[PDB]
Number of protein chains: 2
Amino acid sequence: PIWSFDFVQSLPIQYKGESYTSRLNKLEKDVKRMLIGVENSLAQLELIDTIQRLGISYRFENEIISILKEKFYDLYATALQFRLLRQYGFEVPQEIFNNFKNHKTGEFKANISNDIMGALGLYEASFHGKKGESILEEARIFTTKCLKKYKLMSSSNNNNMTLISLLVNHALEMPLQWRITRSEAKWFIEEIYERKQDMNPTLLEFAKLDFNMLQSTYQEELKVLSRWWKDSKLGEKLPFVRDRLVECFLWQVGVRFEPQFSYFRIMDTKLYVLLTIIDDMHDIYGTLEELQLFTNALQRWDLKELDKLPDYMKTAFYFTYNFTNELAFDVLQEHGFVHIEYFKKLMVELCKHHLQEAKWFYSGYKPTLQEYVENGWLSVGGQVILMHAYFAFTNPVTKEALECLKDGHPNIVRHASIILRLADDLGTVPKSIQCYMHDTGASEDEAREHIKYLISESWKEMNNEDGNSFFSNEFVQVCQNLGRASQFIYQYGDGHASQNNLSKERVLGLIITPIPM
Amino acid sequence: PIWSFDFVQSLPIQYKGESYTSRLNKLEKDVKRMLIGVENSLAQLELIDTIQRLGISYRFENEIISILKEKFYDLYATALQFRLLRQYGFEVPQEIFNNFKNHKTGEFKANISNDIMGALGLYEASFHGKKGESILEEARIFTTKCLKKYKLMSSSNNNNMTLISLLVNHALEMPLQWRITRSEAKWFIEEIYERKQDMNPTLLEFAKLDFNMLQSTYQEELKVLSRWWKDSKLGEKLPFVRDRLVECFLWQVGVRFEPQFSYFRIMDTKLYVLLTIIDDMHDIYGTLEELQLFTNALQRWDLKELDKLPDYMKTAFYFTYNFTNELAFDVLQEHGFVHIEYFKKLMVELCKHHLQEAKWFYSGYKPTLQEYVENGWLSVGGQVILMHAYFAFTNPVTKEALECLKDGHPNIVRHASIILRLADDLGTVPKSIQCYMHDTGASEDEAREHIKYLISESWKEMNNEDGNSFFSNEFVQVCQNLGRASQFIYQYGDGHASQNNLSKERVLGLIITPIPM
């Protein structure tokens, strides 16, 4: 394929050594003492936001949390402070922004259009809102309408795309809440922070160094995963499967980018691959009777079923068997109990909903958007990924949590899988926009706008959890990272199934090519 | 442990790059054209023997085979030619050496004691003999008796240990037939070939370069295996298990050292680890009832048995389950058929014989040497290793071979496992020499000499296969490499269970420390 085995194995891992780690520690200490050493309360928020956009805020978590606990005015500062407080799980309602609404009409002032900075800050802060908060929704609408004016008013003057115009373009493309850490980090390092007048060399060097060392760790993990894909022989036994190993690894980079989760990024990778093998087999390769035999064998969960399957079905079923048992083994070694039945039921439910999609296709039935979503958020496999993340990042797990999970999937998990499915259908058997155009009859742009509305509502749903919940803040952030990676992979083109220039360039910039120091 | 995780991960893999591979290819071409370009027929045999002792003969296999096919006189040349011919599977009986026996008495001439070179060559050639060949046995005896004279006659003059005296010491310690490739290669590079007057720089540089690149590949494999051992958590859940990962990797280096078998060296490693976990649990940790429950669960082969086991038993049983299913998965991906029943029966037989040893221990019964061997060659786990090697190196496998394997284990496999068990008991529940001292009543040195006699007879057994056999030459060589690694690990001290200076030095010289160029 495009990322051949020898090319992956040959990648010179540069940013690794004692000198690199020593420089990283020194720069981290310097940046920490610079962050806590800020005397201006507003400049401290600005520096925190810069560190967040640089992708290095995961190291200074507790320091920022303490600063924000201590931090407990124009529109820009209000929006920035609101976004930070709500981003670190601190309660702060929408009603504050009522200080900027002309309650003679119930809408924000028109002079906001003169403050592009405050409008951009409010636009960025509007995506952290929860369901029921209508002031944030109207603020999102008004700020989008304001930013499009800056687009038609500035970029049309000339290619004088000022750093403000670059940020406006970047926000209109996707808000910071919805973007992943690595892509935004690279973009803010290369295009923005390097051009700022107030730019500090220590922060820039530290961000570049951390990014390149993370790239080197990713390269090592990708070599390991490429050797695994080689010795798995899943390409030979299953010729229909797309060789998208690097794409699943990019998925993992979008999910958990931190260096200490390396092992996870491996396992989940294979999981994605497994899920992909189950996807391509259901919608492209297998027939109805063969997929029915596969789902039956999954229900029975025994190897004597292999005799009643074709060879590719044998390979796929045995791979699923071994991977599910490996998941159960890891859960046993972690939490000290067997849970093979739960993962078996997860896999059987996934294949049940895939077979449901297949039977709907072959029976000629066109489901509504509601039924399609209710079946697809389970037939997309996001629940398996999120349960793997749950049992990998939640410790300890109580009997009450196990009883709550045995009676369905969490709401945050369901809406994250909904976001996953809707983003996957974006840019690509009738699906999401096809069913909505079948039922309501609106145009294609209207259907895609309705799908984006559903995505925004599910994002509000996920935002509700960031506030006694049975899920840690870590797991909530992993679900939101799944959503962000969904919106990152299928943002522009079909980066999962098509090998276009964007699919090359994202992988090059995030994995192979480091940032020039 | 002594080889910590961070130390393994930090190992700077030096001999890797385009320049190293280019130099290797150039030197390999030069050495090949030097080998085939030898005009003297005897000097060609000498160069072939040198390349063999340098450990690089695995690259020039077909060229040497052609030369020896074309090659189809004093005592040294006769012995060298005989050893090479019999080493490459060419039939040449013992009767040739009848040209050196004084058939007035039926014993070799006394003037052989004046030709230390010819005596050493005959000693080296005597170990390639098969059962029934008595002339080679008497030649082995006579040449050992001759070499001990050179020991008491030369090394006693002074520390003028001439290169001849060094070779005599090395041969008396262990013959070349019984030594592994990497250790003999390092020793012949550092102590002997560098000091020869006729030494060629191209051969020396090529041997050192190939050895160091193999060391780098071993370092990468060991990093991967150390990460696997980390994420397996077998040390935490099972505190009784010795952390001998590097020792199992050294075992693999002794079994299959060639660069293209990297993947194998990983899998078999884990297998060894698994076997070790089954060993330490049977003879040290578990009680009779717990091991009985474990063997019962292995027979039933279901996860519902985990509920009827303690936690460490749960971990061990689930690890065995997953590893056996992974073996079956690899065999399916390779040969296109399921064989989970065969590997399950292998594991159940291993645990059956381990439980037999345990029940003999707790019942106070002291078995004879014959019964002990018949139970221990199966309770040592060598058959599992050799079946893994069989299904990894034999392709295709015919129905007749599968029917022959379903009715017991091969003779070569049985005697290789016998060598394994007897060497493991060397230097260490009554065992091999204890049972023989119980039955016959002889002293300890006499019992160990009888054990060495059994080892030599099993070596003759294995030598019989090198001659329509259902096993490829590759598999025969892998079995003999298992035997050589057995005699290499337990040669001097308890390198498996004790962490003495020799256990450090072998690992340092064969893995960490490369040969100075």
# chains A, B, ... in the order shown; residues from 1 in each chain; ligands from 1
>>> closest_atom_pairs(of="chain B", to="chain A", cutoff="10 Å", atoms="only C-alpha atoms", output="JSON lines")
{"residue": "B:10", "atom": "CA", "partner": "A:17", "partner_atom": "CA", "distance": 8.3}
{"residue": "B:12", "atom": "CA", "partner": "A:17", "partner_atom": "CA", "distance": 9.2}
{"residue": "B:16", "atom": "CA", "partner": "A:10", "partner_atom": "CA", "distance": 9.7}
{"residue": "B:17", "atom": "CA", "partner": "A:10", "partner_atom": "CA", "distance": 8.3}
{"residue": "B:18", "atom": "CA", "partner": "A:10", "partner_atom": "CA", "distance": 9.4}
{"residue": "B:224", "atom": "CA", "partner": "A:224", "partner_atom": "CA", "distance": 8.0}
{"residue": "B:227", "atom": "CA", "partner": "A:263", "partner_atom": "CA", "distance": 8.9}
{"residue": "B:228", "atom": "CA", "partner": "A:263", "partner_atom": "CA", "distance": 9.7}
{"residue": "B:231", "atom": "CA", "partner": "A:263", "partner_atom": "CA", "distance": 7.6}
{"residue": "B:232", "atom": "CA", "partner": "A:330", "partner_atom": "CA", "distance": 7.6}
{"residue": "B:233", "atom": "CA", "partner": "A:333", "partner_atom": "CA", "distance": 6.4}
{"residue": "B:234", "atom": "CA", "partner": "A:333", "partner_atom": "CA", "distance": 8.1}
{"residue": "B:236", "atom": "CA", "partner": "A:333", "partner_atom": "CA", "distance": 8.6}
{"residue": "B:237", "atom": "CA", "partner": "A:333", "partner_atom": "CA", "distance": 7.0}
{"residue": "B:263", "atom": "CA", "partner": "A:231", "partner_atom": "CA", "distance": 7.6}
{"residue": "B:303", "atom": "CA", "partner": "A:340", "partner_atom": "CA", "distance": 8.5}
{"residue": "B:304", "atom": "CA", "partner": "A:338", "partner_atom": "CA", "distance": 9.8}
{"residue": "B:306", "atom": "CA", "partner": "A:338", "partner_atom": "CA", "distance": 8.3}
{"residue": "B:307", "atom": "CA", "partner": "A:338", "partner_atom": "CA", "distance": 8.9}
{"residue": "B:311", "atom": "CA", "partner": "A:336", "partner_atom": "CA", "distance": 7.7}
{"residue": "B:312", "atom": "CA", "partner": "A:336", "partner_atom": "CA", "distance": 9.9}
{"residue": "B:314", "atom": "CA", "partner": "A:332", "partner_atom": "CA", "distance": 8.7}
{"residue": "B:315", "atom": "CA", "partner": "A:333", "partner_atom": "CA", "distance": 7.3}
{"residue": "B:318", "atom": "CA", "partner": "A:329", "partner_atom": "CA", "distance": 6.8}
{"residue": "B:319", "atom": "CA", "partner": "A:329", "partner_atom": "CA", "distance": 7.4}
{"residue": "B:321", "atom": "CA", "partner": "A:325", "partner_atom": "CA", "distance": 8.7}
{"residue": "B:322", "atom": "CA", "partner": "A:325", "partner_atom": "CA", "distance": 6.6}
{"residue": "B:323", "atom": "CA", "partner": "A:322", "partner_atom": "CA", "distance": 9.1}
{"residue": "B:324", "atom": "CA", "partner": "A:322", "partner_atom": "CA", "distance": 9.9}
{"residue": "B:325", "atom": "CA", "partner": "A:322", "partner_atom": "CA", "distance": 6.6}
{"residue": "B:326", "atom": "CA", "partner": "A:322", "partner_atom": "CA", "distance": 6.8}
{"residue": "B:328", "atom": "CA", "partner": "A:318", "partner_atom": "CA", "distance": 9.1}
{"residue": "B:329", "atom": "CA", "partner": "A:318", "partner_atom": "CA", "distance": 6.8}
{"residue": "B:330", "atom": "CA", "partner": "A:232", "partner_atom": "CA", "distance": 7.6}
{"residue": "B:332", "atom": "CA", "partner": "A:315", "partner_atom": "CA", "distance": 7.5}
{"residue": "B:333", "atom": "CA", "partner": "A:233", "partner_atom": "CA", "distance": 6.4}
{"residue": "B:334", "atom": "CA", "partner": "A:233", "partner_atom": "CA", "distance": 8.4}
{"residue": "B:336", "atom": "CA", "partner": "A:311", "partner_atom": "CA", "distance": 7.7}
{"residue": "B:337", "atom": "CA", "partner": "A:311", "partner_atom": "CA", "distance": 8.5}
{"residue": "B:338", "atom": "CA", "partner": "A:306", "partner_atom": "CA", "distance": 8.3}
{"residue": "B:340", "atom": "CA", "partner": "A:303", "partner_atom": "CA", "distance": 8.5}
>>> write_last_selection(atoms="C-alpha atoms", output="PDB file, in the first residue's frame")
ATOM      1  CA  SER B  10      17.357   2.322  26.093  1.00  0.00           C
ATOM      2  CA  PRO B  12      21.188   2.039  21.307  1.00  0.00           C
ATOM      3  CA  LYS B  16      21.340  -0.642  11.519  1.00  0.00           C
ATOM      4  CA  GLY B  17      21.186   1.499   8.400  1.00  0.00           C
ATOM      5  CA  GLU B  18      21.703   1.611   4.666  1.00  0.00           C
ATOM      6  CA  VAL B 224       9.410  -5.881  21.742  1.00  0.00           C
ATOM      7  CA  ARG B 227       7.133  -4.470  26.227  1.00  0.00           C
ATOM      8  CA  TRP B 228       5.029  -7.629  25.878  1.00  0.00           C
ATOM      9  CA  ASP B 231       1.836  -5.306  29.355  1.00  0.00           C
ATOM     10  CA  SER B 232       1.173  -8.970  30.198  1.00  0.00           C
ATOM     11  CA  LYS B 233       1.358  -8.311  33.972  1.00  0.00           C
ATOM     12  CA  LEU B 234       2.383 -11.937  34.518  1.00  0.00           C
ATOM     13  CA  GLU B 236       2.168  -9.102  39.356  1.00  0.00           C
ATOM     14  CA  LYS B 237      -0.577 -11.730  39.106  1.00  0.00           C
ATOM     15  CA  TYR B 263       8.809 -13.481  14.345  1.00  0.00           C
ATOM     16  CA  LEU B 303     -13.708 -20.432  30.680  1.00  0.00           C
ATOM     17  CA  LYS B 304     -16.512 -21.419  33.072  1.00  0.00           C
ATOM     18  CA  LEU B 306     -12.175 -20.137  35.905  1.00  0.00           C
ATOM     19  CA  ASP B 307     -14.872 -19.772  38.576  1.00  0.00           C
ATOM     20  CA  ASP B 311      -6.923 -16.065  40.967  1.00  0.00           C
ATOM     21  CA  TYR B 312      -3.395 -17.062  39.945  1.00  0.00           C
ATOM     22  CA  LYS B 314      -7.335 -18.019  36.546  1.00  0.00           C
ATOM     23  CA  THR B 315      -4.491 -15.906  35.150  1.00  0.00           C
ATOM     24  CA  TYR B 318      -6.475 -17.781  30.590  1.00  0.00           C
ATOM     25  CA  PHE B 319      -2.938 -17.070  29.376  1.00  0.00           C
ATOM     26  CA  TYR B 321      -6.000 -20.521  26.546  1.00  0.00           C
ATOM     27  CA  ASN B 322      -5.179 -17.340  24.631  1.00  0.00           C
ATOM     28  CA  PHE B 323      -1.694 -18.494  23.616  1.00  0.00           C
ATOM     29  CA  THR B 324      -2.965 -21.851  22.344  1.00  0.00           C
ATOM     30  CA  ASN B 325      -5.665 -20.073  20.347  1.00  0.00           C
ATOM     31  CA  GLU B 326      -3.012 -17.727  18.932  1.00  0.00           C
ATOM     32  CA  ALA B 328      -3.972 -22.221  16.162  1.00  0.00           C
ATOM     33  CA  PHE B 329      -4.669 -18.855  14.498  1.00  0.00           C
ATOM     34  CA  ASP B 330      -1.146 -18.706  13.075  1.00  0.00           C
ATOM     35  CA  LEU B 332      -4.773 -21.406  10.184  1.00  0.00           C
ATOM     36  CA  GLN B 333      -3.301 -18.337   8.481  1.00  0.00           C
ATOM     37  CA  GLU B 334      -0.315 -20.402   7.299  1.00  0.00           C
ATOM     38  CA  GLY B 336      -5.403 -22.925   5.901  1.00  0.00           C
ATOM     39  CA  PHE B 337      -6.877 -25.368   8.417  1.00  0.00           C
ATOM     40  CA  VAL B 338      -7.852 -25.462  12.081  1.00  0.00           C
ATOM     41  CA  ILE B 340      -6.859 -26.238  17.911  1.00  0.00           C
TER      42      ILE B 340
END
>>> residues_around(residues="range 439-443 of chain A", least_positions_apart="4", cutoff="8 Å", atoms="only C-alpha atoms", output="PyMOL selection string")
chain A and resi 368-369+435+447
>>> write_last_selection(atoms="C-alpha atoms", output="CSV table (one decimal), in the first residue's frame")
chain,number,residue,atom,x,y,z
A,368,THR,CA,-36.4,6.5,8.7
A,369,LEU,CA,-33.6,8.8,10.1
A,435,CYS,CA,-32.8,8.5,4.6
A,447,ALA,CA,-30.2,17.1,4.8
>>> residues_around(residues="residue 1 in chain B", least_positions_apart="3", cutoff="12 Å", atoms="only C-alpha atoms", output="ChimeraX atom specification")
/B:4-8,226,235,242-246,499
>>> write_last_selection(atoms="N, CA and C atoms", output="tab-separated table (two decimals), in the first residue's frame")
chain	number	residue	atom	x	y	z
B	4	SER	N	16.55	-4.69	33.50
B	4	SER	CA	15.37	-3.88	33.74
B	4	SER	C	14.72	-3.45	32.43
B	5	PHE	N	13.48	-2.97	32.53
B	5	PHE	CA	12.72	-2.59	31.34
B	5	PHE	C	13.32	-1.37	30.66
B	6	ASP	N	13.62	-0.33	31.44
B	6	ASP	CA	14.17	0.89	30.86
B	6	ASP	C	15.55	0.65	30.25
B	7	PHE	N	16.34	-0.23	30.85
B	7	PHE	CA	17.65	-0.55	30.28
B	7	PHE	C	17.50	-1.27	28.94
B	8	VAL	N	16.53	-2.18	28.83
B	8	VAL	CA	16.29	-2.85	27.56
B	8	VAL	C	15.80	-1.85	26.52
B	226	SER	N	10.15	-7.32	25.79
B	226	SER	CA	10.09	-6.69	27.10
B	226	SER	C	8.82	-5.87	27.25
B	235	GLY	N	4.02	-10.91	36.02
B	235	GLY	CA	4.80	-10.84	37.24
B	235	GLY	C	3.97	-10.45	38.44
B	242	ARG	N	9.79	-16.67	37.89
B	242	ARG	CA	11.07	-16.00	37.69
B	242	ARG	C	11.02	-15.12	36.45
B	243	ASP	N	11.57	-13.91	36.56
B	243	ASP	CA	11.60	-12.96	35.45
B	243	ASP	C	12.79	-13.28	34.55
B	244	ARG	N	12.66	-14.38	33.82
B	244	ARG	CA	13.73	-14.85	32.95
B	244	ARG	C	13.36	-14.67	31.48
B	245	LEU	N	12.88	-13.47	31.12
B	245	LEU	CA	12.53	-13.19	29.73
B	245	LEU	C	13.76	-13.25	28.84
B	246	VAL	N	14.85	-12.60	29.27
B	246	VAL	CA	16.08	-12.59	28.48
B	246	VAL	C	16.63	-14.00	28.33
B	499	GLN	N	21.38	-16.49	38.67
B	499	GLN	CA	21.86	-15.28	38.01
B	499	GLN	C	23.33	-15.04	38.35
>>> residues_around(residues="residue 392 in chain B", least_positions_apart="5", cutoff="12 Å", atoms="only C-alpha atoms", output="number ranges by chain")
B: 256, 261, 263-265, 267-268, 327-328, 330-335, 385-387, 397, 472, 474-475, 478
>>> select_by_dssp(residues="range 172-300 of chain A", states="alpha helix (DSSP H)", output="MDAnalysis selection string")
chainID A and resid 172:173 181:187 201:232 234:237 245:255 262:280 288:300
>>> residues_around(residues="residue 174 in chain B", least_positions_apart="6", cutoff="10 Å", atoms="only C-alpha atoms", output="ChimeraX atom specification")
/B:124,168,487-488,491
>>> write_last_selection(atoms="C-alpha atoms", output="tab-separated table (two decimals), in the first residue's frame")
chain	number	residue	atom	x	y	z
B	124	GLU	CA	35.05	-33.42	15.92
B	168	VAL	CA	41.78	-28.61	22.24
B	487	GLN	CA	23.67	-28.10	26.12
B	488	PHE	CA	24.57	-24.41	25.84
B	491	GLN	CA	26.62	-26.26	30.16
>>> residues_around(residues="residue 45 in chain B", least_positions_apart="6", cutoff="9 Å", atoms="only C-alpha atoms", output="VMD selection string")
chain B and resid 68 77 80 to 81 84
>>> residues_around(residues="residue 89 in chain A", least_positions_apart="5", cutoff="9 Å", atoms="only C-alpha atoms", output="CSV table (one decimal) with N, CA and C atoms, in the first residue's frame")
chain,number,residue,atom,x,y,z
A,84,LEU,N,-12.7,28.6,29.6
A,84,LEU,CA,-11.8,27.8,30.5
A,84,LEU,C,-12.5,27.2,31.7
A,466,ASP,N,-19.8,16.8,31.6
A,466,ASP,CA,-18.7,17.6,32.1
A,466,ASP,C,-19.2,18.6,33.2
A,467,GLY,N,-19.5,18.0,34.3
A,467,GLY,CA,-20.1,18.8,35.4
A,467,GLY,C,-19.7,18.3,36.8
A,473,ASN,N,-13.8,12.0,34.9
A,473,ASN,CA,-13.5,13.0,33.9
A,473,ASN,C,-12.7,12.5,32.8
>>> closest_residue(among="A:178, A:360, A:218, A:471", to="residue 483 in chain A", atoms="only C-alpha atoms")
A:178
>>> atom_distance(atom1="CA of residue 195 in chain A", atom2="CA of residue 55 in chain A")
17.4 Å
>>> closest_residue(among="A:255, A:271, A:497, A:291", to="residue 427 in chain A", atoms="only C-alpha atoms")
A:497
>>> closest_residue(among="A:406, A:352, A:23, A:186", to="residue 209 in chain A", atoms="only C-alpha atoms")
A:23
>>> closest_residue(among="A:410, A:310, A:239, A:93", to="residue 469 in chain A", atoms="only C-alpha atoms")
A:410
>>> atom_distance(atom1="CA of residue 82 in chain B", atom2="CA of residue 46 in chain B")
12.6 Å
>>> decode(residues="range 64-89 of chain B", atoms="N, CA and C atoms", output="short mmCIF file (atom, residue, chain, number, x, y, z; two decimals), in the first residue's frame")
data_model
loop_
_atom_site.label_atom_id
_atom_site.label_comp_id
_atom_site.auth_asym_id
_atom_site.auth_seq_id
_atom_site.Cartn_x
_atom_site.Cartn_y
_atom_site.Cartn_z
N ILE B 64 28.16 -24.02 -0.85
CA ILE B 64 28.86 -25.11 -0.18
C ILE B 64 28.26 -26.45 -0.58
N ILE B 65 26.94 -26.50 -0.73
CA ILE B 65 26.29 -27.75 -1.13
C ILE B 65 26.75 -28.17 -2.52
N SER B 66 26.86 -27.20 -3.44
CA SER B 66 27.35 -27.51 -4.78
C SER B 66 28.80 -27.97 -4.74
N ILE B 67 29.64 -27.28 -3.96
CA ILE B 67 31.05 -27.65 -3.86
C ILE B 67 31.18 -29.07 -3.33
N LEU B 68 30.39 -29.42 -2.31
CA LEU B 68 30.45 -30.75 -1.72
C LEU B 68 29.85 -31.82 -2.62
N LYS B 69 28.86 -31.45 -3.44
CA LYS B 69 28.37 -32.37 -4.47
C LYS B 69 29.46 -32.65 -5.49
N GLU B 70 30.22 -31.62 -5.87
CA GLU B 70 31.38 -31.83 -6.73
C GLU B 70 32.44 -32.66 -6.03
N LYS B 71 32.62 -32.45 -4.73
CA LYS B 71 33.56 -33.25 -3.95
C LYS B 71 32.92 -34.59 -3.58
N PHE B 72 32.45 -35.33 -4.58
CA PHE B 72 31.78 -36.60 -4.34
C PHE B 72 31.92 -37.53 -5.54
N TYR B 73 45.88 -38.68 1.05
CA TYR B 73 45.07 -38.09 2.12
C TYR B 73 45.53 -38.55 3.50
N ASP B 74 45.63 -37.61 4.43
CA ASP B 74 46.01 -37.90 5.80
C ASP B 74 44.75 -38.05 6.66
N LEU B 75 44.93 -38.00 7.98
CA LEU B 75 43.79 -38.18 8.88
C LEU B 75 43.00 -36.89 9.05
N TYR B 76 43.68 -35.75 9.14
CA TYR B 76 42.99 -34.48 9.35
C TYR B 76 42.06 -34.16 8.18
N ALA B 77 42.58 -34.27 6.96
CA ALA B 77 41.76 -33.98 5.78
C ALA B 77 40.61 -34.96 5.65
N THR B 78 40.88 -36.25 5.90
CA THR B 78 39.82 -37.25 5.83
C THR B 78 38.71 -36.95 6.83
N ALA B 79 39.09 -36.61 8.07
CA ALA B 79 38.09 -36.31 9.09
C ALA B 79 37.30 -35.05 8.75
N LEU B 80 37.98 -34.01 8.26
CA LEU B 80 37.29 -32.78 7.89
C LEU B 80 36.29 -33.02 6.76
N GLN B 81 36.73 -33.71 5.71
CA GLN B 81 35.86 -34.00 4.58
C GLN B 81 34.68 -34.87 5.02
N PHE B 82 34.94 -35.88 5.85
CA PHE B 82 33.87 -36.73 6.36
C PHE B 82 32.86 -35.91 7.14
N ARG B 83 33.34 -35.03 8.02
CA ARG B 83 32.43 -34.23 8.84
C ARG B 83 31.58 -33.33 7.97
N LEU B 84 32.17 -32.69 6.96
CA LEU B 84 31.39 -31.82 6.08
C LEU B 84 30.35 -32.61 5.30
N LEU B 85 30.76 -33.71 4.66
CA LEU B 85 29.83 -34.52 3.89
C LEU B 85 28.66 -34.99 4.75
N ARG B 86 28.96 -35.55 5.93
CA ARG B 86 27.89 -36.02 6.80
C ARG B 86 27.08 -34.86 7.38
N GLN B 87 27.66 -33.67 7.45
CA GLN B 87 26.96 -32.50 7.96
C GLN B 87 25.95 -31.96 6.96
N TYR B 88 26.22 -32.11 5.66
CA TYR B 88 25.27 -31.67 4.64
C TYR B 88 24.44 -32.82 4.09
N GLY B 89 24.19 -33.85 4.90
CA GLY B 89 23.27 -34.90 4.51
C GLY B 89 23.74 -35.80 3.39
#
